[PDB]
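Chemist: Sending over a structure as structure tokens; questions will come in a sec.
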Amino acid sequence: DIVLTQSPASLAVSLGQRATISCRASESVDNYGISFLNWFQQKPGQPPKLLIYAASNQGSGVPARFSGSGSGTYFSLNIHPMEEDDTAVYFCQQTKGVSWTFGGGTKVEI
Amino acid sequence: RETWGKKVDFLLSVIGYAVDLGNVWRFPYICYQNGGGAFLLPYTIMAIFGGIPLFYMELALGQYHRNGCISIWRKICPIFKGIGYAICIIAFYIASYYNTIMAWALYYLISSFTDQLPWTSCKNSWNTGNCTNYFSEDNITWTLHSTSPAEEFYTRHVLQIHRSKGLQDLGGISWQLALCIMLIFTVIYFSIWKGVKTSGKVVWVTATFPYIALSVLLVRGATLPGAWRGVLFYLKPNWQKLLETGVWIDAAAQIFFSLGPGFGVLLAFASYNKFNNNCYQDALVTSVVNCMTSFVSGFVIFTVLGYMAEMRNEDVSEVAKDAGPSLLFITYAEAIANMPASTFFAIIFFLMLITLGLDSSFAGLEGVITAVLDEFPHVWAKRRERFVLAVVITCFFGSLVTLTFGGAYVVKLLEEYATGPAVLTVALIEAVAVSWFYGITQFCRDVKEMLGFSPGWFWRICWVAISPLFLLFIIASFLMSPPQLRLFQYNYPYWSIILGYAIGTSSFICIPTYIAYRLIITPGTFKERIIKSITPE
Amino acid sequence: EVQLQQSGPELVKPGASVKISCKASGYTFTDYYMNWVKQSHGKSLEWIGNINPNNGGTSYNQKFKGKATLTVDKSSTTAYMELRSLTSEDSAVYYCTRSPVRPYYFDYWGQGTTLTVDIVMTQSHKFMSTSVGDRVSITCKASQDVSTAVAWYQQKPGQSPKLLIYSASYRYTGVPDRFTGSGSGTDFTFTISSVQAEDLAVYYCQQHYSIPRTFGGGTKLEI
Amino acid sequence: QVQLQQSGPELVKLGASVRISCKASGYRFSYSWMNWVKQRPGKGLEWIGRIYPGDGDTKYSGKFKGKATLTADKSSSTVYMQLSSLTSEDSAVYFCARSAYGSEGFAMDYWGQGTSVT
Ligand SMILES: CC[C@H]1C[C@@H]2C[C@H]3c4[nH]c5ccc(OC)cc5c4CCN(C2)[C@@H]13
């Protein structure tokens with residue numbers, strides 16, 4: 001099974017500063033040229049909203065502040081200068097079967 | 001000089017080369033377009049007048065000389081020794097074509113062992129957005145940009161074609177095909193590396209198992225519903241379509257590639273035995289068994305499409321218009337998983353489809369390897385075992401052009417020109433050189449001394465009048481209209497179509513190059529330099 | 001939601017070229033076929049051609065090889081149909097349509113514009129009738145074997161056709177419960193449960209099994 | 001518009017069983033994967049299972065194979081996750097998700113309201 005990890009566990013993103021959230025893995029997830037790693041958004045009491053398709057393409061109803069890139073065993077969720085309204089924990093999925101697994105999660109807030 | 005054993009092995013060796021995976025593509029793909037039964041009639045007419053004589057001319061020629069494809073022309077007419085080189089260069093392009101295709105079929109054979117054939121459900125690896133192939137009770141519609149699981153499977157699980165955009169931008173290599181392609185050259189190595197004496201036993205199984213597998217596949221589709229519609233769709237003649245010139249050219253074209261003279265492979269086979277009083281009996285059976293085998297071949301495909309077309313609520317026409325291979329790798333694959341007897345016939349068809357290629361691919365290298373070794377005895381005497389390794393590795397890099405450049409953009413472009421006027425140009429000059437300059441009275445003499453009987457005044461009429469006319473007809477058919485082709489809603493640009501024409505054009509540049517070479521180094525005057533090159537023996 | 005708006009009518013001299021335009025809305029222009037249909041005055045309907053806006057490909061009946069050419073412009077969701085060698089036989093009403101893949105059927109229909117200057121189907125008498133509310137039936141026969149690939153239409157006076165029955169046995173969306181159907185191979189039947197006065201219109205029996213799209217002779221129920 | 005509607009919450013006795021529903025609407029549910037995930041209070045996410053309506057094939061991991069059974073019905077436009085042998089460790093909310101199509105990486109597009117199993 002593919003094990004996903006994240007760091008830093010809690011990012012002290014001051015208001016108006018850039019933030020980057022990594023997603024390390026044992027594999028080697030690049031299969032058929034499509035990056036099988038994605039990003040979601042949770043708030044207290046809200047559903048896990050979609051953020052990024054294939055770790056590089058913005059999502060439906062997702063602001064343009066959120067984006068990503070990378071190749072191989074290391075991606076990064078590059079985010080424009082955040083506001084307090086973007087307080088949310090971001091999780092890294094892998095959609096490369098057999099199993100689909102998730103990351104530990106990092107708290108990104110003001 | 002080593003000789004071959006039982007007469008029949010020969011017959012299995014040649015027919016295994018005569019029938020291949022190409023006949024499963026083009027023959028059923030071209031017939032219904034030219035009117036089904038309206039195409040089988042000219043296919044039989046041109047086979048009698050055009051097919052057999054060019055087929056037995058090459059087998060009868062190698063029977064008498066026993067020199068291969070290069071050294072033989074030192075005896076026929078020295079000005080035509082460049083034909084064997086032209087066959088070698090063209091062989092390098094066809095060796096790549098053929099060898100990569102089997103990697104796509106070997107990818108299925110390894111995957112076909114699983115009981116759940118990944119051909120009906122877009123499970124967690126496909127472009128499932130445009131995937132729908134469960135024809136339920138009228139709660140579906142098929143959009144133009146929509147596809148099926150098998151269309152996606154041959155698209156982005158064999159080729160991985162989405163990695164690349166076209167001929168102008170080429171992708172990487174698939175790891176699965178990289179392992180499949182090496183296993184193909186492995187068996188091709190040992191079959192010829194052990195020697196032509198041992199290749200007779202490799203064709204013993206590979207040239208006979210497809211005929212069994214045709215029966216294994218024919219009984220299934222025939223006993224199911226819809227077969228009457230499939231057979232009717234195929235054999236129902238469209239008589240007025242025969243009046244078009246395209247039907248006659250396609251009929252003359254099919255017999256050429258079905259039999260395959262001019263490729264040097266048939267010539268090399270006859271060079272390993274005297275064939276006293278048995279050559280005309282052997283070659284004549286191949287031409288009819290080859291034409292009947294292709295008839296049975298397409299008869300199985302549409303027999304299986306008929307059961308679908310009953311399920312699909314549509315006619316077999318306008319189904320998979322894309323291309324020959326894309327039809328078979330996708331459409332016929334769908335039917336296997338839709339037949340209740342799946343998990344078995346997925347192995348049978350894609351074990352014969354590889355065997356038809358392998359048997360025909362084994363024979364291909366023998367024509368080239370027989371040619372060069374007959375010229376260089378210092379290689380044949382001691383490096384005959386090493387020379388095969390040089391060709392297989394050479395063919396490996398030849399096949400690598402497709403795999404590590406993204407997908408089938410090299411194959412379909414190389415398809416239309418690697419076997420274009422170049423192979424017909426060779427086949428033409430082999431007929432002209434052996435008949436006109438080299439006296440056909442002498443060739444008819446050389447054959448009738450070996451066979452104890454002469455076929456002259458029937459075949460000869462065909463050899464000097466019918467053969468150059470109906471080989472020049474296929475040349476004149478190609479210069480009229482440029483085949484602007486396509487692949488999966490992607491039209492090829494102009495510079496690549498000229499590149500394929502340039503590769504096909506340069507593939508037979510050996511025979512003007514060699515003639516120009518000898519006429520410069522040859523001493524004498526303009527008339528004398530030409531006579532020395534033409535002087536037989 | 002979907003609409004197909006043609007241009008107005010026009011008269012062209014015999015032998016000269018004539019053109020008709022059609023704009024589409026309410027649906028993606030590239031996700032369907034833009035087909036055209038012919039209506040000789042006082043006769044049945046007849047298929048003209050097909051267009052693939054994704055690549056500009058076309059496919060059309062063999063009778064329009066030297067009469068018409070088809071094309072579109074996806075940048076404006078507009079469709080054109082160019083005719084040449086116009087003659088008196090071409091006085092007809094042409095329809096702009098939407099057609100998805102596998103029912104090889106006409107989803108919706110435009111309003112139709114007037115122009116002034118294979119497997120076939122057959123039907124029974126065009127004077128079959130009965131009182132309102134009675135069970136009605138229409139007979140349609142095929143010249144060849146077509147498994148279930150048949151549909152049925154309704155063309156009121158002065159209006160365009162409309163898809164009513166689907167695959168010869170199911171009623172398309174937007175169709176009341178009154179109409180039903182059945183058939184297989186060559187025998188096809190169109191029934192009406194409790195026919196009403198509003199159903200007094202001309203019907204057609206389409207061939208979906210293979211291209212070219214062919215229709216029947218056409219019959220009307222009155223009463 | 002697309003939406004995923006679950007059932008209501010339910011209290012659990014030690015060793016009992018629950019039956020969560022999830023109705024799909026507004027898309028071709030029969031050609032996508034229906035997901036199931038845990039959201040334990042204080043931890044991240046934990047994937048439970050997945051199923052393709054139309055075929056019935058299921059794939060599990062994370063030791064949920066010995067606790068969960070999942071089915072679907074294409075005629076009702078629903079997917080039903082069944083769970084047995086529940087305990088305090090299973091005290092968490094469970095979400096239902098629509099898997100995007102594979103060309104985009106199966107990013108779970110839309111979600112249900114979530115139901116508490118405690
Ligand atoms: C009998 C059917 C014939 C029609 C086409 C040409 C011919 C042929 N010539 C070759 C020469 C070399 C080679 O490998 C080194 C492969 C081939 C083949 C492949 C199979 N076919 C394709 C035969």
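Basis: the model, the stated rules and, where named, an outside source; these are not laboratory values. Cβ coordinates were reconstructed from backbone atoms using ideal geometry, including for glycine residues, and neighbour counts include every protein chain displayed.
Chemist: Could you list, in sequence order, the residues of segment B:111-140 that are away from every other protein chain (no Cβ under 14 Å) and surrounded by fewer than 23 Cβ atoms within 10 Å (Cβ to Cβ)?
Modeler: B:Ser111, B:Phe113
Chemist: Any residue in segment B:263-278 that's away from chain C (no Cβ under 14 Å) and charged (D, E, K, R): show its pairings with residues that are away from the ligand (no atom under 15 Å from the Cβ) and part of a helix (DSSP H, G or I) at Cβ separation under 8 Å, as long as the two are six or more apart or on different chains.
Modeler: B:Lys274/B:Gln63; B:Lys274/B:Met450
Here's the yes/no breakdown for (1) of a type outside the set (D, E, K, R); (2) closer than 19 Å to B:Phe257 by Cβ; (3) within 19 Å of the chain's Cα centre (by Cα):
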residue	(1), (2), (3)
B:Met292	yes, yes, yes
B:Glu314	no, no, no
B:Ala333	yes, no, no
B:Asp359	no, yes, yes
B:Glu366	no, yes, yes
B:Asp374	no, no, no
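Chemist: Quick one: how many residues across segment A:45-63 are more than 19 Å from D:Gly112 (Cβ to Cβ) and at the interface with chain D (Cβ under 8 Å from one of its Cβ atoms)?
Modeler: Here the count works out to 5.
Chemist: List pairs: first residue in segment B:154-175 and more than 9 Å from chain A (Cβ to nearest Cβ), second residue of a type in the set (A, V, I, L, M) anywhere in the structure, Cβ distance under 6 angstrom, at least six positions apart or on different chains.
Modeler: So the pair list comes out as B:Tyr154/B:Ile330; B:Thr155/B:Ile161; B:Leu159/B:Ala408; B:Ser164/B:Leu170; B:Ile173/B:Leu403.
Chemist: If a residue has to be more than 10 Å from the ligand (Cβ to nearest atom) and either within 14 Å of chain A (Cβ to nearest Cβ) or under 18 Å from B:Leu471 (Cβ atoms) (or both) to count, how many in segment B:82-98 make the cut?
Modeler: 2
Chemist: Look at C:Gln3 and say whether it is closer than 16 Å to C:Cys96 by Cα, polar (S, T, N, Q), more than 14 Å from every other protein chain (Cβ to nearest Cβ) and buried (at least 18 other Cβ atoms within 10 Å of the Cβ).
Modeler: The answer is no for C:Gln3.
Chemist: Looking only at segment B:256-266, decide whether some residue is in a helix (DSSP H, G or I) and surrounded by fewer than 20 Cβ atoms within 10 Å (Cβ to Cβ).
Modeler: Within segment B:256-266, one or more residues are in a helix (DSSP H, G or I) and surrounded by fewer than 20 Cβ atoms within 10 Å (Cβ to Cβ).
Chemist: What helices (runs of 4 or more DSSP H) completely inside segment B:306-422 contain at least 3 residues that are away from the ligand (no atom under 16 Å from the Cβ) and among the polar types (S, T, N, Q)?
Modeler: Once the helices (runs of 4 or more DSSP H) in segment B:306-422 are filtered for at least 3 residues that are away from the ligand (no atom under 16 Å from the Cβ) and among the polar types (S, T, N, Q), nothing remains.
Chemist: Another question about this same structure. Among the residues of segment B:71-81, are any within 16 Å of the ligand (Cβ to nearest atom) and either part of a helix (DSSP H, G or I) or in contact with an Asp or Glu (Cβ under 6 Å, 6 or more places away or on another chain) (or both)?
Modeler: No, segment B:71-81 has no match at all.
Chemist: Tell me, which residue of segment B:99-110 that is crowded, with 24+ Cβ neighbours inside 10 Å and closer than 25 Å to B:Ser506 by Cβ is nearest to the ligand (Cβ to nearest atom)?
Modeler: Checking each candidate, the answer is B:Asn99.
Chemist: Can I ask one more? Just checking, which of B:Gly221, B:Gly230, B:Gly200, B:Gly171 is surrounded by 15 or more Cβ atoms within 10 Å (Cβ to Cβ) and not in a helix (DSSP H, G or I)?
Modeler: None of the others qualify; the one that does is B:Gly171.
Chemist: When you look at C:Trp109, is it under 30 Å from C:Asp31 (Cα atoms) and not assigned by TED's automatic domain parsing to the domain that holds C:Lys38, yes or no?
Modeler: no
Chemist: Does any residue of segment A:27-40 turn out to be closer than 15 Å to A:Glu109 by Cβ, away from chain D (no Cβ under 11 Å) and part of a loop (DSSP other than H, G, I, E, B)?
Modeler: no
Chemist: Quick one: count up the residues across segment D:59-90 that are within 15 Å of the chain's Cα centre (by Cα), within 12 Å of another protein chain (Cβ to nearest Cβ) and more than 15 Å from D:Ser21 (Cβ to Cβ).
Modeler: 6
Chemist: Still on this structure, I have one more. If the requirement is being within 11 Å of chain B (Cβ to nearest Cβ), among the β-branched types (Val, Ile, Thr) and under 26 Å from C:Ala149 (Cα atoms), which of these qualifies: C:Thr30, C:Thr97?
Modeler: Just one listed residue meets the conditions, C:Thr30.
Chemist: Same structure, new question: Quick one: which residue in D:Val2, D:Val93, D:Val37 is surrounded by fewer than 14 Cβ atoms within 10 Å (Cβ to Cβ) and within 11 Å of chain A (Cβ to nearest Cβ)?
Modeler: Unique residue meeting the criteria: D:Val2.
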